[PDB]
Structures are given as C-alpha cells and as structure tokens.
Amino acid sequence: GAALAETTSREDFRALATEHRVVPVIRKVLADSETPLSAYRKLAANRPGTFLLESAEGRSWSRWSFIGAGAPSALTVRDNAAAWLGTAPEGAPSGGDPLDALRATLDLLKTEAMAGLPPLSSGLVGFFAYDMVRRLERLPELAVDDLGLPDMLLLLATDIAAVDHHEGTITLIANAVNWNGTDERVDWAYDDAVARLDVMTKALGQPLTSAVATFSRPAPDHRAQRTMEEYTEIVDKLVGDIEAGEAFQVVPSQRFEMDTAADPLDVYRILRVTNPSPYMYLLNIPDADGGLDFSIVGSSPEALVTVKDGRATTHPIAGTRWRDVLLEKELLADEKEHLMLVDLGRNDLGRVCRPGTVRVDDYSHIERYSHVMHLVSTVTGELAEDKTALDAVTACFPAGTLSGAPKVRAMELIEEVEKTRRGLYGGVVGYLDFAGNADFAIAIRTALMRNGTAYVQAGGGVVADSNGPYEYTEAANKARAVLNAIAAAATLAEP
Amino acid sequence: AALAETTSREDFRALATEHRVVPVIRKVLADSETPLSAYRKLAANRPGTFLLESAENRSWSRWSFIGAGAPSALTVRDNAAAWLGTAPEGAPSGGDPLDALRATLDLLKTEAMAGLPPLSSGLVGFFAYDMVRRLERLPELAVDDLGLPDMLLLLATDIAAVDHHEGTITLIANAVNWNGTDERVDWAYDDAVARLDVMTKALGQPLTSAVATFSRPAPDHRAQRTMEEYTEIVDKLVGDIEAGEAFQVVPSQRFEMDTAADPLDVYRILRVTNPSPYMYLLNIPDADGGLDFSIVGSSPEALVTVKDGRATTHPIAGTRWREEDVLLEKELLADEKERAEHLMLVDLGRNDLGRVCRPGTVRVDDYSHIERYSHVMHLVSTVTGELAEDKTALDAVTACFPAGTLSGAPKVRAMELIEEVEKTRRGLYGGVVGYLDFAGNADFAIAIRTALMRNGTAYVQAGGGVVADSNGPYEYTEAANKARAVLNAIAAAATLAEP
Ligand SMILES: [Mg+2]
Ligand SMILES: [Mg+2]
Ligand SMILES: [Mg+2]
C-alpha cells in the first residue's frame, strides 16, 4: 500500500518546521545486499567531509552504523577563531572563541527528540584535539606544535545514512536546518532536503566492483620519537615526581610514523577485521578548498562520556585480557589506582549533574569483545537543567586514563616530558547531536593519515613501581596495533 | 602469511589418510558482501544451490551458509533411493530412501575438525511429510497432486560460510572419499582447488545494486476450503476428540497463487518482514539439471537439533508481537489458553526422544525460557537427551517425525484422521527442511511458513491444532492468516523496484 521508501511528506514537514529547528526528511530503502562499508563506498565515495561510525557490542556489531554522506559545512578553528569550512551557513555562529561558537550553534539548533528516527539523525561529527584542554586549564607551552591541527573540527552532518544490520535496510536522512528561525522558505527547504535524499538514493543505485580481498601481515617500517633509553628517562623522571608526592599517576606517550600509500578506508577495513571495538571511525577532514586535508581512522576501545536523554555515563576500564572464564576472575582478582580515576570521574560528572544523582558502580561488569575482554566500572548521573552534553564533555576532558591524577598536575608533567603537542592523541572523536545527546571515544588506537604519512601515538600510565623498558614496550605494542593495520592494508589484493 | 592461503596439498594428504570428507578451504575478506550478495554471486539461483540463515536470541547469527552448487542429490525415484545428477561411484543407492541415507552418512562419517565453520559439509534438503508413510501404516485417501519426492538432499560439497562479525567468507570445497582408498588424493586436491577458484572468481565480479522499495498489496490467491467447509472438518475432528480417538489433531489446507517473482525476492521479503531462526531458500534440481522447484521459507520452529550426541527440541508454547515489550512478555508468560495442548506436545517429545536416547538422560524443562527476535518473542519448552551409542542424528530426526505440532496426539491416530479429512497429500507441508552434516550433527526446521514455487505457481499450506473446544471459523482464520504471512510476502516481492 504505502511503499517502503515513502518519503516524509511536504505536509508533515511543514507541521514539524513550525516547531523544530532541525527537521529530518527521511526515506527507508531495502539494502540487504549492502554492508556499512559498501554503502559508505557508494554514498560517500571516500570524499572530504564524509564519515563512517560503527560499533562492536558483547554481541558483535550493534544494530546501527552511521554514514555521513558529505557535509558542505564544518565548524573548526582558523587563526585562533571559530570558522566554517566550506559553506558558512547564513546566521550560524562564527568568530570568537571556538567553544563559545560551538555552544551557540548547539543552542540554536536544539531540537526535541523525535520518535521513529535512528539513534543519530543529525549532529556535529568530528574531534576535539587533546590541546583543546588548553582552553579549559592553564598549561605550559613547551612541546612543539608540529602537526598544526585545529583544536576542533566538527562536520555538520545533515545528510546521514543509518544502516540497520538487523533489518537489512538503510534510512536516509536529509535535515532541513533553520538557522534564523523564520517561516519564510519552508517549501524551498523541503525540496532541498528531498533533492539530497534523491542524490543519496541514486548513489545507492549504482553498481559496485568487488572488494573481496586477501592481505598479509608484514612488519611495519616505522619511526619512533624516543628510543627505549629516552622513554626510560621519561618514565624515571615521572616515578620521581610520584614518589615525592607530586602526582599519583601520569600518562606519558610518544608518536610513531610511517610512510604509506594505503587508502584510509583500507586501513579501516584491517582495523575492523583485526581489532573490532565499540568505537570504529573513519573521518575524511576537508581543507578550506574542498580537498582532503587529512583522514582519521581508529578503533578506540574506550569512551570518554556518553550522554543520552539527560543522563551522562562513563565506563573507565580497569584492565583488559586477550579473551576462557579464567582470564575473567584473573582480572577481578587484580588489586593492582583504577579507583583514583573513578574518583576523577565522580568529581567530573558532579560538576554538571544534579546533586546526589552521580552513582558509582565499582567493577560493575566485564565487557567481552571478539578478541578481548574489559573490566569496567560505571559512573552515571543526571545532567543539571542548565547543563548540556557539551558541558559533560568539557567536564570530563581529557580522559584521566590519558592524563593522570591529579589531572592538572599530570598534564603539566606530560607537557614537560613530551616532545610534540599531542594533537588528536588523547582527545576525542564522536558526535554531538541536535537533540542534546553525545557519544565520544577517547582518541587512542588511531592513525592520522596526511599526504602519504601515517601518525600513530600511544602511551601508558606511569605509577610509583613503573619500569621504563616495560612501559616503553607496552606503549609501542599499542602503537603497533595501528601500524600493523596500515602495513597490512598496503598488501590488500584480489585472492 | 596471506589471509586467503589455501589448505596445502601436504596438509590435505595427511588429512585424507584418516578422514572420509576432507575440506580444502580459503578465507577471504568480504566486508562489502552480505549473505544475499554472496549468494547472488556464488549461486545465482542455479539448481542445486541453497541459502540458510538464522536469526538468534536478537540479531542474525554469526554464520550464514551458501551451497554454491551441488552436482549430486539423493532423492527418491520409482519408490527407491536414487541420485540425481552425478551418481557417485560406491555411493549407496536403491532400496528404502532412509536406509540409503543412513548408509551414506555412515560411509562419510568424519570427525569434526578444529577451525572450521559450524557447517562445512553435509546433506541439505527436505523430508516431505509423506515420508512418514514409510515409517507408519497410514490410509491412502488424499490425492497426491503435487508429486513431490519423499526426500531430496543436496550433497553440499562447495560451501561458502559467511561470517557476519568478521566480514569474511570461508570458502570450502570438500573432497569426498566414497571407496576409502588413497588412489586419487592429488586429483582430489586439484579438483577441490579448482572448485575454490570458481567460487573465488565469482566473488570477484562486480554486482548491480539491489537497493529497493516494495509495497504490500493483498495477494490474489485461491484456497481449497471455504470457511464453512473448514468448519465441517473442525467439527468432525472435535467429535472424534470427544469420542476419545485423540487429544488433538492438526488439520490444514493448501493455498496457491500465480507469481512470476524470483524466489530470492520472496526470501528477501520474508527476511525483512519476519526474521526467524530458520530461513531457507533451496533450488531443487530435476533429473536433467534444470530447476524442478524452489522452496523458500522462514519457519519459526525446529523439529530437532542434534549436536555432539545431544538431541534437543524446543516446542513453542506461545508467541507475542514484541518497556511495553516487558508487558507483552508478562502477558505471554501468563497466557494459559493452550497450556494443555502444549504439555501434550512436550509429552510426545519425551516419547520421541526416549526411543533414541540413553535411559535417564531425557530431561523436560516445561516453559524454560523466552526467545527474543526482531519482531516476535517465543515462549518455549525444552526436551533434551543424550543419544544412545547405537543411535545417530538421523535416528533422532525419524523418531521425532513428523512434528507433534503438525500432526496431533496420539500421533498415529491424528495422522489417520488428517488423511481422512484433507483433500491432498501434504507434500512438503509438515515435513522438515534442514541438514545432516558429515560429523553426525543435524538441524531441521518444521516445514511451515514456507512456499513451494514451481512453474509460475506458489503453494502455501497452513493449519492449526484442533482440541475439544475449538471452533471452525476461528481456526479457519487463524490458519488462513498463517498462510497469508507467506502469500503476502510473495505479492510484495512482485512489487520490488528501484526507489
Ligand atoms: Mg599500567
Ligand atoms: Mg509417554
Ligand atoms: Mg490453537
């Protein structure tokens, strides 16, 4: 009767637009011969301003994957001020402090949750660099900024494809965004969104060449910033501070790099098959001319904070094992510090949540993924009425597991011992939606790919009993998870 | 080393000295393929191909299975076991089909090997309901107008196992050693590698889009019985139950419709509309290697599953449509209208597994748990036992066959009464669709919510249990609505189009 792919009607759109800043025009299609990756290849074609977000659950892949089909606009930092790349939307906040411009943007577009939509239907998708913390806390300026990344870059994801693995369907969404709050051009906005659905629908109609492949796992030819001896000097320095009482924990790191001609999407494919995680992402970041500035590809196992319907939640990980029930109780029985970070998170959420709503849940459960298992503690709370999801992000930022405790003192020492500004490393990758929700991964196990070079940073917590060579090795192993994927992706070939 | 490294000749040789069925395998990254796209590339609706998928208690299970094309099938011709296509040298044929099948499984029995997908070789296909006539003496009153064979099992030697979590496909080409000699080991290896290369080449091809819309028009269909005719049957059976002939009996009737739809398109509509633990598409070959007919279905209920010497059945007590979901669960748990009917079937399952299991191992868990799928939830019981040392998976299938759910209690009297009231032989309806693997395992769905598609006609049969308090009009409509689930899918499939 009604067709599966019936598009939101002009009449229904009109009625919503009288009440809502961001109105989705949607169309569902049967896509039972597509995967999230094949849909990405058709809809995004690896273009600048596109994205793919996937999530392993402990039941394999979650129901939904999200493709950003191509954002004409992105909110970033240029010459120390908020700026839009691509189209600067008329009436959208610009200039001045970037966090204020972002806050103003989210306030302007705040839209009531609507029933019948996929979990993410519009939003700002991208990253905060670790160095955004420099705007939340005063920190020295010693490390060299050789990567030149912006403190933030958020794609205005108005064209989204939501892939429903269970149903074998894709819900295409093209949002109308009412920046100025007028009623003047409702029909134009509907026709505009419908045209964008038609572009995505036509893209899905194209044939696709095979990507059925083999790959091998060669050693990555890569360079490191620190030798084992140099990293050992760092670790020993920090163990001194910890013994003298300056901090309880500090997380140093270093950066690794390798030459690669591999496509970022192929790197994503190797990470997906090798290191499936709750936060898989590929982001193609545009430069100011509409070309590709760089790509971010990562498989992060840990969130910073998730905000859903007023509730903020964090899952700091105590420990992890290689995945069988004896590895489990072997981790609950590790009394080897976790709860100092659970303490940091209790404080962090307390600053944005209603009094008494912040609950902790010591070692609440394990999380079994495909090739690993995690022991997590849960901290949740209810956001105050004058606090947004963005406030939750800034309150928690950066992860304590990526800085130390006390956080500010830990970050001061980090700045002292490291060579270069971290850039993305230890920041976050994720989204803020227009309904006030957010989900951000800690930016670890991530490559930054730019003009034939891949950068991979990794580190690890240093305490009083820490050994330099052991910590060097642990951190290099974390980096090698990504470097190995890049090396392997270069070998992809037809079988 | 390489992901797609093929089983080496030297490893194959070593295995071939101990094992009758030896897989040569090759795993590939196939993260832009789905089970349906892989089926379209590998099998392409050819005769002798199949697709098996399973929703799990609340996604698709890890593995989907494609039978990429079986040259050989074991069936029935002129009332005796016979192979279609290639009759393998030394393979059992003639006589009773269940004997020939038992002899085939005996010959090919091969230890489960580490590192393989869950189904790596076996016999895939169906038993018609009317196979029961070789197990029990029943009257011959109903007309056999479909002409189906009592069984047809594809010898599935070329399989593609699709791993949804990894995004990989494990291609398997089995070498089958019928005579047990080592004469032709290198030829067997080369033949398997060649089969792997055919499947690999097929996966390397481009593929046109299948992104689609469809609508849901009412199906133009025909029935055997009107409501009043069906009521006469129900009233007759209620009388037999009141008289003590039986506790419950499951009549049915056949529906049909014209269709030019591709059976895979029917499959696709069933898949998106009601994913079930047993989805299947089987393209059944005729004796000349053309397509005899296709079987497409989404059955919710197993006959029996045999894994590692343990036989289990899960009779469904009730179903609900899916926090308002918590209330439906509560309601489902508290609904007792059909409890006695369900417990009678649990009792039959105990009878059945008792015949093949080691005394003291048959365990019954009344109303053991709820199974949660995308659009429905099932309240189920469990009957399980350990097979006796002299009993095989096939003995468990035959002991359970046909399902009490599709016959009645006591089973033989119920089948006699079915034969008295139905117009036509059931054919596939009330039989099973599934597999027996070469390692002694089995998993069979009851053949319900299934279409048989042949030469532009689709047949869909459906029925339901009659008990002392049943009424004709209600039971007619409940069974007609079961059939309509499939007829509706067929009518919708004809509308599939580019959006
Ligand atoms: Mg440590
Ligand atoms: Mg009994
Ligand atoms: Mg009933």
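Counting convention: from 1, in listed order, for ligands and their atoms alike. A, B, ... follow the sequence lines: proteins, then strands. Residue 1 opens every chain. All values below were derived from every heavy atom in this structure, side-chain atoms included, with hydrogens, water molecules and symmetry-related copies excluded.
The Mg ion (ligand 2) has B:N351 OD1 as its protein N, O or S neighbours under 2.8 Å. Around the Mg ion (ligand 3), the protein N, O or S atoms found under 2.8 Å comprise B:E338 OE2.
Side chains of B:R449 and B:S298: a donor-acceptor N/O pair is present below 3.5 angstrom, by distance only. Using modelled atom types, one finds a donor on one side chain and an acceptor on the other under 3.5 Å when comparing B:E371 with B:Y373.
A:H371 has its ring centre less than 6.0 Å from the ring centre of A:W322.
In plain terms, the two heavy atoms of B:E245 and B:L417 that are nearest each other are CB-CD1, 4.4 Å.
One finds no salt bridge joining B:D240 and B:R413 here, because no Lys/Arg side-chain nitrogen approaches an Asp/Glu carboxylate oxygen to under 4.0 Å.
Counting heavy atoms of neighbouring residues, nucleotides and ligands inside a 6.0 Å radius, atom NZ of A:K336 does not exceed 12 of them.
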task: Mind running salt bridge (charged side-chain N to carboxylate O under 4.0 Å, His left out) on B:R254 and B:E422 for me, showing each step along the way?
output: CA-CA 9 Å; B:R254 194 172 73 212; B:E422 288 189 358; over 6 Å; no
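A ring pair (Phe, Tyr, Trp, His ring centres under 6.0 Å) with A:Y363 is found for one member of A:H315, A:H374, A:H338 and no other, namely A:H338.
Distance check, rounded to the nearest 0.5 Å: CG of B:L406 to CG of B:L303 gives 9.0 Å.
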